[PDB]
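Residue numbers (the entry's author numbering), protein chains in the order written: chain D, 11 to 209, 217 to 268; chain C, 11 to 208, 219 to 268; chain A, 8 to 209, 216 to 268; chain B, 11 to 208, 219 to 268.
We put the CB at the ideal spot given by N, CA and C, even for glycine.
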Amino acid sequence: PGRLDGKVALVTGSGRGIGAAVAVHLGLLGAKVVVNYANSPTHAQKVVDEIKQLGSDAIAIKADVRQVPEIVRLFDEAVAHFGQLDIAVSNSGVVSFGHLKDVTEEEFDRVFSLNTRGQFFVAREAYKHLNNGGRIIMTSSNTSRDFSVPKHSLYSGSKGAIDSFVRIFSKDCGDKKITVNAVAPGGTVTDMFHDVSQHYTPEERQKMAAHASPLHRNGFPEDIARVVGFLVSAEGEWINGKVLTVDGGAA
Amino acid sequence: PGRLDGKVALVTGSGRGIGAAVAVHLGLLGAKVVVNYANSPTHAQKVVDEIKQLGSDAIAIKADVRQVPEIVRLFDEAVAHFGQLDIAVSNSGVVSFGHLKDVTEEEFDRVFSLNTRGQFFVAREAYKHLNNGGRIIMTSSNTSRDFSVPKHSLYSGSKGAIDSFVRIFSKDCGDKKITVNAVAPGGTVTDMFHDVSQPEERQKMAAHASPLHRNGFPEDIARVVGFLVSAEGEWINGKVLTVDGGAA
Amino acid sequence: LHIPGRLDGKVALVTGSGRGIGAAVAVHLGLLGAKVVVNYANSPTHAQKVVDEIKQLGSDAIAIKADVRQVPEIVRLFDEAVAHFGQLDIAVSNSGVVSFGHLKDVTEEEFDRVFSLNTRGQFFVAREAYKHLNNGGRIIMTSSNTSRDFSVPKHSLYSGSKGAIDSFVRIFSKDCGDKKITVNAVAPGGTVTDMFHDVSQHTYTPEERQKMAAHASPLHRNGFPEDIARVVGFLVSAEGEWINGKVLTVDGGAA
Amino acid sequence: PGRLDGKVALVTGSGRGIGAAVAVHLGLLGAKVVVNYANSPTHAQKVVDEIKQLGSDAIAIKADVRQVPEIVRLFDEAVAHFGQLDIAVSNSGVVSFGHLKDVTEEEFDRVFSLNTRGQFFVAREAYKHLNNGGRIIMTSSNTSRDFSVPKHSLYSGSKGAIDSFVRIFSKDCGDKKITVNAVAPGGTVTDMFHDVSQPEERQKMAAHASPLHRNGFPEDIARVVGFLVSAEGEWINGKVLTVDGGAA
Ligand SMILES: NC(=O)c1ccc[n+]([C@@H]2O[C@H](COP(=O)([O-])OP(=O)(O)OC[C@H]3O[C@@H](n4cnc5c(N)ncnc54)[C@H](OP(=O)(O)O)[C@@H]3O)[C@@H](O)[C@H]2O)c1
Ligand SMILES: NC(=O)c1ccc[n+]([C@@H]2O[C@H](COP(=O)([O-])OP(=O)(O)OC[C@H]3O[C@@H](n4cnc5c(N)ncnc54)[C@H](OP(=O)(O)O)[C@@H]3O)[C@@H](O)[C@H]2O)c1
Ligand SMILES: NC(=O)c1ccc[n+]([C@@H]2O[C@H](COP(=O)([O-])OP(=O)(O)OC[C@H]3O[C@@H](n4cnc5c(N)ncnc54)[C@H](OP(=O)(O)O)[C@@H]3O)[C@@H](O)[C@H]2O)c1
Ligand SMILES: NC(=O)c1ccc[n+]([C@@H]2O[C@H](COP(=O)([O-])OP(=O)(O)OC[C@H]3O[C@@H](n4cnc5c(N)ncnc54)[C@H](OP(=O)(O)O)[C@@H]3O)[C@@H](O)[C@H]2O)c1
């Protein structure tokens, strides 16, 4: 069930983070994987290596998805190599915490150019390059609609748009039968989660944060990776234009 | 590969409909399947058969899930037969079209007794009887909040609550490591769709609503229930996934 | 000098306007110059202060009894409401109960206790309202923030009893629309009422409990019926017409 | 009760369309009003004159809510001229239609600069200028969450972000007892509306989108804003209020 054999995926921000486990978990299902990074080539080459190890194929392309020309070159290079593209997961993203009063122009642009503006043009170049029956996944947050942490407003709205984009994308991308969904991850243990959770030591806060879920454990990249896999399968087809929140009954 | 070998599933109203693909599917993933039903024996037996056919086991147990004592006895029986239950699935439900002005008490109770009360006690009995790390799946609709379909007030509240039950049930049913979600089917092609598609060509135009320009089919949602009841779906919890296909 | 959103000429019915949000939803509608049908089941004397308090600011009220768990008493409630004032414009469904219990402990009787008033009752008040209202009327039904906005443990019956009221108002808007009637719902979130002090359990005096509950709000205070009635008194005005079909959450951006 | 005697408001882009009837409406409720325009000073004059001409004072100030340095001067000058500014309203109109395939770097930075980025910084400056116990309001669309027009992919996000902001801005601005809500207009007859109806024949059949069988007009919205910002509308904080008369 829900394998991706003879399919080729692209996953942005896949050298470290929910993205790496998305790819690896695509590769496991039989997807040939394009492992995008921008600043971590060492862990990109570890994902690519670990995707091949479990019996698939992968390349690592570097590209800054704040630059749109570098996104066209990402998707151009990606089809030039493997033959075709079916699946594109928009995952690259940054967190930002700060009361409204102190949010500067420079901070707002940093966060949106990647989390909102970037994704949009990673989605756009996904469609223009994608086989029919293809797949597009974008990354939102559960702080988008479901949880309202103070001094968190900039990051929140950066993903809210993402929630709104997918719904309309799902319409416009019918004429190639591509389905558009976001996953909205919650407290998933990554460099980004530990960086947030201050608002004691990261293990101490990871231990505590395990309680928010009634399952009484943390969320991990594998947790979210598994959901993209389903939605990016042919078996996930009828989930189209939906935002799946993946926190685990947390609050 | 998210299968359910050596696990045991129960599917209410699994004789005909979306709950007949949610049975077989859980059987194609290699679960043992208790096909529940009420006024349709032949159907549930062709289902219990098809599930045997792909190398799993199944049984037909009849029970009206409008009746809370029958739901007790259904799960009491299920566990008696396969030795344990891992996955409970609330499929059963009726449709109803009528302007607020014309809805009567009989008609209010006819719908709620099964779609809302029924599914609630199915979910009570599933918690009491289920293993740790188990799955309750309940069934709502897209007419719940998404679609404002005229003369559809009664169906919607029945399923609206189902949307609320899973969010709270997820905090409640956690003392046994059980996850709780609903699937909000759209207009999956079944006996119901046809009784309320408003001849054949009714459906032929429904296809064009979804941007994929085809209809929703029972096995299109079964697939979503299968993932949610797998080991891999465990971090989806308290959520009502909407399987509309992009319809509008 | 513009005095907006008055209800002069108009006649309104609030279910469970003896105590809680309905009293202040009836006094306030009263304050805005409307003639008001106070409804109560077991609080008759309370219901009579709320008529007097309404007559006091120079309108007119009556206190009709009816248990809205019983559908024929809903019909009689409304038949009477017109048979006194001569017409009905506004209809407010505030009557409702609370229940804490783990899914596993929730009996048939408790489900029926709650659902029969919180959902079924409200449904038929909404039905008999569309039937008895002047064209251009308003129907407000009450819900909660525990309906979707918040997931409180051992709270499952309530959330779904009031989580059907949210599905209802979006479809009722269209149905009643063939008489130009706006159907919206209010989501009382933490209103300080006998139903709040009941829940503020989940040792500590209720005051102690609400003083603390106040911290929860970014506005650091409690919700009071006064707060909710003010929204109801917009929703129903001539001017609240383009708010149609929506569930308003009136909790204070609280968590 | 419902009045604004003593209060000074601000409304961005309140020369034309809704923001203007939201400027006139607050004037009607006895607020003084900073009108704000970028391109239409002659409209910005008709408003100041109408608001003077029902008892309240008004000034018009220019500002490209795109340039953040211009947002700042606008608010500095508003406190300066009136001595306070309890209310602040956000009206940023740039509709854009197209397919994800034909959307450019340039159109995004045009819509999102005023629709998203502008509104964010109007909201920042509003906070830092406002009398404690004051108000901020933002303008989204029903096409944020409740609808899916095949082509608004960008506009919908340009407002769906606004929808998330208000929910966190309600927590932030609570340390001055300011409430922050977004009104989310449906189809509302303006210059923007006649632009993306794609004559009056395009509007006469829009009159039937709502179950009240008329169109939305600026007043319809202006009145709701008028409540949100009224003293009585306090306990609605951090919300979207979709104002579309129940339109599908
Ligand atoms: N876990 C959570 O709490 C959570 C919650 C909600 C949403 N998310 C979303 O999940 C996604 C990833 O989370 P995470 O846990 O992976 O966080 P993370 O550890 O911070 O991941 C950072 C990822 O972002 C990539 N990145 C940063 N700047 C980039 C640029 N200019 N171009 C391309 N990629 C860039 C990084 O690649 P480099 O290797 O080049 O740095 C890396 O892949 C984000 O999209 C975020 O919005 C996470
Ligand atoms: N099909 C759709 O288009 C659609 C769309 C939206 C929502 N839904 C929801 O999905 C579920 C069913 O859809 P459907 O298409 O499967 O329905 P369907 O084809 O009409 O089938 C009705 C199912 O209900 C069972 N049933 C009815 N009353 C029962 C009772 N007292 N006890 C046990 N079983 C009973 C029937 O089994 P027996 O006759 O064997 O007793 C049959 O399985 C419902 O939950 C409905 O609310 C369906
Ligand atoms: N208060 C909150 O914290 C809160 C939170 C969420 C939702 N709500 C919703 O707000 C609404 C009202 O709450 P509240 O603060 O008023 O609570 P309250 O103090 O419990 O109000 C009780 C009201 O219920 C009426 N009532 C009870 N049984 C009735 C029956 N059979 N028929 C007609 N009326 C009946 C009562 O009148 P009698 O005197 O005749 O009993 C009284 O008006 C409810 O819908 C509730 O779900 C409240
Ligand atoms: N009308 C609708 O149907 C509708 C529907 C949904 C949402 N909305 C939302 O409502 C708002 C406007 O609707 P409308 O019908 O009122 O708009 P409209 O007729 O297009 O009027 C636009 C207003 O935007 C102002 N504006 C444009 N660029 C500006 C800038 N750089 N700086 C300051 N002001 C600027 C204009 O000012 P100048 O022209 O004076 O330069 C004018 O006041 C927008 O927020 C829109 O997203 C409207």
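Expressed to the nearest angstrom, what Euclidean distance is found between the alpha-carbon atoms of C/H228 and B/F203? So the two alpha carbons sit approximately 27 Å from each other.
Would you kindly report the start and end of the unbroken alpha helix (DSSP H) that includes D/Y47? DSSP places D/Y47 in no alpha helix (DSSP H); its state is neither H nor E.
Distance, D/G29 Cα to D/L84 Cα: The straight-line gap from Cα to Cα measures roughly 16 Å.
Could you please give the first and the last residue of the uninterrupted beta strand (DSSP E) stretch that includes C/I146? If you look at C/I146, you'll find it in the beta strand (DSSP E) that goes 140-149.
Once you ignore the five residues that flank B/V199 on each side, which residues in its own chain have a CB closer than 6 Å to its CB? Sequence-distant partners of B/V199 (beyond 5 residues in either direction) whose C-beta falls short of 6 Å from its own C-beta, in its chain, are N235, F237.
Would you say A/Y47 lies against chain C (beta-carbon separation less than 8 Å)? Chain C contact via Cβ: absent.
DSSP state of residue 210 of chain B mapped onto helix, strand, coil: Because chain B is numbered 208 and then 219 with no intervening positions, residue 210 of chain B cannot be located in this model.
Does A/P231 come within less than 8 Å of chain B when only Cβ atoms are used? With 8 Å as the cut-off, A/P231 counts as an interface residue toward chain B.
Confirm, please, whether the CB-CB distance from B/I178 to D/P195 is below 8 Å. Going by C-beta atoms, D/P195 is not nearer than 8 Å to B/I178.
For D/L20, the residue or residues it bridges with in DSSP: For D/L20, the beta-bridge partners assigned by DSSP are D/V44, D/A98.
Stretch pair the segment 106-117 of chain D + the segment 130-139 of chain B: three plus CB contacts closer than 8 Å: With three or more CB-CB distances shorter than 8 Å, the segment 106-117 of chain D counts as touching the segment 130-139 of chain B.
In whole angstroms, what is the alpha-carbon distance linking B/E116 and B/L14? In a straight line, the C-alpha of B/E116 is about 41 Å away from that of B/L14.
Proximity winner among A/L232, A/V99, A/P219, A/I10, relative to A/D201 (alpha-carbon distances): Considering only alpha carbons, the answer is A/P219.
Can you tell me which of D/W255, D/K17, D/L232 puts its alpha carbon nearest to the alpha carbon of D/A98? Shortest Cα-Cα distance from D/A98 to any of D/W255, D/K17, D/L232 involves D/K17.
Close Cβ partners of B/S66 (< 7 Å) along its chain, the five nearest in sequence each way excluded: Hits under 7 Å: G37, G40, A41, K42, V43.
Is B/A88 close to ligand 5? I mean its beta-carbon at under 7 Å from any heavy atom of the ligand. With respect to small molecules bound, the structure shown includes ligand 1, ligand 2, ligand 3 and ligand 4 and not ligand 5.
Check the Cβ-Cβ distances between A/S158 and every residue of chain D, and say whether any is below 8 Å. By this cut-off, A/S158 is an interface position.
Between D/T126 and ligand 2, is the CB less than 7 Å from at least one heavy atom? Ligand 2 has no heavy atom closer than 7 Å to the beta-carbon of D/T126.
Output needed for D/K72: all residues of its chain with C-beta closer than 7 Å, excluding positions within five of it in sequence on either side, in chain order. Excluding residues within five positions, the ones whose Cβ falls inside 7 Å are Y47, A48, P51.
For C/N141, decide whether its Cβ has a neighbour in chain D, counting only Cβ atoms nearer than 8 Å. No - not a single Cβ of chain D is within 8 Å of the one on C/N141.
For C/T189, report the span of its beta strand (DSSP E) as first-last. 189-195 is the extent of the beta strand (DSSP E) around C/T189.
So what does DSSP say about B/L14, is it helix, strand or coil? In the structure shown, B/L14 sits in coil (DSSP, three-state: anything other than H, G, I, E or B).
C/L248 (DSSP reduced to helix, strand or coil): DSSP, read as helix, strand or coil, puts C/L248 in helix.
Should C/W255 and D/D240 be called a contact, given that it needs their Cβ atoms to be closer than 8 Å? Yes. Within cutoff.
Please indicate yes or no: does the CB of C/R83 lie closer than 7 Å to some heavy atom of ligand 2? Relative to ligand 2, the beta carbon of C/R83 is positioned no closer than 7 Å to any heavy atom.
Identify the contact partners of A/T126 in chain C, using a Cβ-Cβ distance below 9 Å as the criterion. Going along chain C in sequence order, the residues near A/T126 (Cβ under 9 Å) are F122, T126, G167, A171.
Residues of chain D with a CB under 9 Å from the CB of B/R76: which are they? Chain D residues near B/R76: none, gap ~11 Å exceeds 9 Å.
Separation of B/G25 from B/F130, as counted between CA atoms: Going from the Cα of B/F130 to the Cα of B/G25 covers about 21 Å.
Where B/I241 meets chain A, residues with beta-carbon distance less than 9 Å: Think of a sphere of 9 Å around the beta carbon of B/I241: the chain A residues whose beta carbon falls inside it are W255, in chain order.
Check: B/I28 C-beta below 7 Å from any heavy atom of ligand 4: B/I28 Cβ: within cutoff of ligand 4.
With distances taken Cα to Cα, identify the nearest neighbour of A/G253 among A/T189, A/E221, A/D264, A/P231. Closest in alpha carbon position to A/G253, among A/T189, A/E221, A/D264, A/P231, is A/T189.
Just to confirm, does B/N152 get its C-beta within under 7 Å of one of the non-hydrogen atoms of ligand 1? Incorrect: B/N152 has no Cβ contact closer than 7 Å to ligand 1.
Compute every distance between the C-beta of B/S66 and the non-hydrogen atoms of ligand 3, then say whether any falls below 7 Å. Incorrect: B/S66 has no Cβ contact closer than 7 Å to ligand 3.
Given C/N152 as reference, the closest of C/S102, C/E87, C/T262 once Cα atoms are compared: Checked all of C/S102, C/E87, C/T262; the closest Cα to C/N152 is C/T262.
Within 8 Å (strictly less), CB to CB, does A/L20 reach chain C? Chain C contact via Cβ: absent.
Where does D/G167 sit, in a helix, a strand or coil, going by DSSP? Three-state DSSP puts D/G167 in a helix.
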